[PDB]
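*Asks:* Please work out how this folds:
(2 chains, ligands or ions: 2)
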There are 2 protein chains.
Amino acid sequence: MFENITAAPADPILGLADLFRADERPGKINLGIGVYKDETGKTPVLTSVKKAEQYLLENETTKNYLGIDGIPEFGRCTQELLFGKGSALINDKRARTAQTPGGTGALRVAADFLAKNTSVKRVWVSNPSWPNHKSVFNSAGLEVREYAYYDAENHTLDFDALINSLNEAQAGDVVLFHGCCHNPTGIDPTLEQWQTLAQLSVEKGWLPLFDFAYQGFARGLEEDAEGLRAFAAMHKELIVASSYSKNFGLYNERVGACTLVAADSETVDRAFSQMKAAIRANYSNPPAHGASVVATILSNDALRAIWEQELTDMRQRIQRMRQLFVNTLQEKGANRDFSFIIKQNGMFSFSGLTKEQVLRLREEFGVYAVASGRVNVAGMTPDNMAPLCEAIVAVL
Amino acid sequence: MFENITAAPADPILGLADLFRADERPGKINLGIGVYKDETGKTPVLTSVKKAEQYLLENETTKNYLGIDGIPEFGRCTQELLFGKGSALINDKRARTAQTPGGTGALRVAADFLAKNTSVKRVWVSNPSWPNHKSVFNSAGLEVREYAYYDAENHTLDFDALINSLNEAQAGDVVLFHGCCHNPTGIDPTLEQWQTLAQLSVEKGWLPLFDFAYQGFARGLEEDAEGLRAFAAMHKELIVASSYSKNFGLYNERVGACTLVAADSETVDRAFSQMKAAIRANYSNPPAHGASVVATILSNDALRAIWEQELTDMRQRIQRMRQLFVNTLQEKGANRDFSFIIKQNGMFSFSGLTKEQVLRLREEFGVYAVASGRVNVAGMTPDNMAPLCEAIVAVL
Ligand SMILES: Cc1ncc(COP(=O)(O)O)c(CN[C@@H](CCC(=O)O)C(=O)O)c1O
Ligand SMILES: Cc1ncc(COP(=O)(O)O)c(CN[C@@H](CCC(=O)O)C(=O)O)c1O
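*Replies:* Residues are numbered from 1 along each chain as shown, chains lettered A, B, ... in the order given. Ligands and ions are numbered 1, 2, ... in the order given. Shown next is the structure:
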């Protein structure tokens, strides 16, 4: 029966990573997958995390199953991060949070939930966007439409095109938004634009779904959440999928959360029970380690202070690389202006290099980037910057 | 959008745990969830596990993503346990293993794999069986059919009712088999019966799906895989969803595996690519901590030894309670023969109690068991045995 199966293509992202491991020539440079790297080019485990892990090793007395929705404290802490310590949504108990295996996992349970318990038939995602967004919703049988986002001429947010593009999104339609650090453009709406979108959203009857994979990598923890909070004060219902993979360096421990918000405590609880049924029929209950670490850090004032410092250093090193990248491009002889790179937020920068050029950099200079022209700025170091910039100039 | 969602009923197994946790009677007895407990009534972390976590804590340099199918060694180690060191399935490179979030996760990925890449429409599940088996498969769009299995009156396997029922399984249909320690009956087929089912399986043309959640709790590692190894040596294709939750006591770390077997190496690889695609659109990549622990224990001879020793102590402590349970029931005045409980395998026992009796046990004596009358022998200790048997006799 397996002879009739047609092979699946390779992940445009995850795929690339196996080729890099395959590449034999010395000097290779990996600017693909979005993982943080320090000056030495390594993806270390944070000190705050090693601390928490030692604490768990000393005090865990059992590995007994967690509830379907995971660690209680985990949910409370994420709700504060997202909505604010004294949020009204929290005080009125309008939100429930389920611990999931990564942000991907939060997007999937949200999708299974919507497919089986609502009349939602369509989800609108931006173009471009993280490739896996479409695969996640399709797996639940939801049709996925796309709206305009990037102005490739001005390297800015094409707001007028975005608004017009969404004119055909109906009441009951789900509309996906990147909380901050849009992947892959790096362009986020301003507070004013968010507020406008918030208003248009209510008037149109959309169900907002926020994907928050980089809280803290743009301006800061509180700042990066302004868009969402402007939506939260305007909406009755909304969903948010968050990930702690990047801001805690916990990638392989799959720590994330899916937060449900309804009009009142009674409705959200009723809806949440169904979200749990969807989880039960998927993986039954969430992996404890990663979430234990995060909850331990967010709850301890000493660990928390350390972690915040580590996130700040991660954020600043990336911005520093953005500057050094643009400067070195000039010094190496690039006539194309790359100034826009400094205005982008987060790990990824939309270089604007053509698929052809990307393939040339890979097979001819040993430099890897996603075929969309997206390049990981977090992967740039003082040591590979020159070789990197020199290659790009060559393909220009 | 959420106003009309109808609440979900509690999970027949997990729901119980929440009621038990809430019950204020100081003498409560939990015999529901299938979790192990030592002579003192606690669910400890194995010593082998604790040692591995220590190694991990002091040697992990990064938390970088694992890759869709997980830790490679992990995959190789589970294939030898399932098939045997020198299996031909391994040599001919006919099997592909993907690390999944628990056995439940292994069941869902397999279900999504089948429904999205083949013609499979129906799934055959023993009657009775683990309640969540239907939820998992129905969620992937697969229809679920049940086949006779248990002889109520004789408290045995109705091999005649079984084979007559399965005569209705058309070719291409999927038939679920519990590797060993059937849930909830505890009655497994003898090798002879496995032999038969295997040959009849190839004749009727079914795709065998094995749920292996208790390797090591019936007789032993090798002994427990006998039925599977018999199917293996005879079929061209089969799927095995296994769990490390129990035999490693890693319940909340979600450690499982989904193994695909095809006719040859090119076919399994082609089919395995779609499985990875199914995974990518679910949780992206598996949780590293628990699987890492399993991998390091199984790879280190000095740790393996300790682990097998610990597994044996658990299997033996459960046999001693099964006997003690039957002896005590007579002593406290039972007007019946529960001798049929010594023939059952694993952690559970199909007591014979009715829903109403199971209910009274909870309501009046604070003794918790599954409504189907399933009881966790592994939750019985020398200390709670007496109170426990008095309650049953009283409701008898
Ligand atoms: C918008 C966005 N959403 C969700 C996720 C998923 O988060 P997890 O916690 O890993 O589930 C990522 C990670 N995207 C990175 C990492 C690799 C990948 O998963 O593609 C990237 O864009 O290369 C992301 O960029
Ligand atoms: C036949 C069977 N298959 C799969 C699983 C899934 O194992 P995980 O690795 O935990 O995903 C269990 C656990 N059944 C136990 C535990 C609680 C539950 O999952 O219902 C029980 O039936 O009490 C099981 O009995």
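*Asks:* so what's the residue nearest the centre of chain A up against?
*Replies:* Closest residue to the average C-alpha location of chain A: residue A:213 at 2.6 Å, with C-alpha atoms, centre = their mean. Contacts for residue A:213 (C-beta atoms under 8 Å, 6 or more residues apart in numbering or on different chains) come out as A:103, A:178, A:179, A:181, A:183, A:242, A:243, A:245, A:246. All C-beta atoms are positioned from the backbone trio N, CA, C, and that covers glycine.
*Asks:* Next step: the residues you listed restricted to helices.
*Replies:* The helices, defined by DSSP state H, take in residue A:103 from these.
*Asks:* Strands - which of the contacts of residue A:213 land there?
*Replies:* A:178, A:242, A:243 (DSSP state E).
*Asks:* nearest to residue A:371, of these?
*Replies:* Using C-beta to C-beta, residue A:178 comes nearest to residue A:371 of the ones in strands among the contacts of residue A:213, at 20.3 Å.
*Asks:* Mind jotting down where the strands sit in the stretch 101-250 of chain A?
*Replies:* For the stretch 101-250 of chain A, the strands defined by DSSP state E, counting those that start in this stretch cover A:122-127, A:143-148, A:150-151, A:156-157, A:174-178, A:207-212, A:238-243.
*Asks:* deepest of those strands, which one?
*Replies:* Ranked by mean neighbour count under mean count of other C-beta atoms under 10 Å in any protein chain shown, the strands of the stretch 101-250 of chain A are led by strand A:238-243, which reaches a mean of 26.
*Asks:* Kindly calculate the angle that whatever helix or strand comes next after it makes with strand A:207-212.
*Replies:* Using DSSP states H and E, the helix or strand that follows strand A:238-243 in sequence is strand A:255-261. For strand A:255-261 against strand A:207-212, the angle by axes from the mean of the first three to the mean of the last three C-alpha atoms, to 10 degrees is 160 degrees.
*Asks:* Quickly check: strand A:255-261 near ligand 1 or not.
*Replies:* Yes: under the criterion of C-beta under 6 Å from any ligand atom, ligand 1 is reached by strand A:255-261 at residue A:256.
*Asks:* elements contacting that strand?
*Replies:* helix A:72-83, strand A:95-101, helix A:102-117, strand A:238-243, helix A:265-280, helix A:288-299 (3 or more C-beta pairs under 8 Å, 6 or more residues apart in numbering or on different chains; DSSP states H and E).
*Asks:* for the fourth one, packing partners?
*Replies:* When you say that, I think you mean strand A:238-243. Using 3+ C-beta pairs under 8 Å, 6+ apart as the contact test, the elements touching strand A:238-243 are helix A:72-83, helix A:102-117, strand A:207-212, helix A:226-232, strand A:255-261.
*Asks:* List the buried residues in the fourth one.
*Replies:* Within helix A:226-232, the residues that qualify as buried are A:226, A:227, A:228, A:229, A:230, A:231, A:232, counting by 16 or more other C-beta atoms under 10 Å in any protein chain shown.
*Asks:* which residues are contacting that helix?
*Replies:* By C-beta under 8 Å, 6+ apart, helix A:226-232 touches A:82-84, A:87, A:89, A:177, A:179-180, A:188-189, A:191, A:194-195, A:197-198, A:201, A:208, A:210, A:212, A:238, A:240, A:261.
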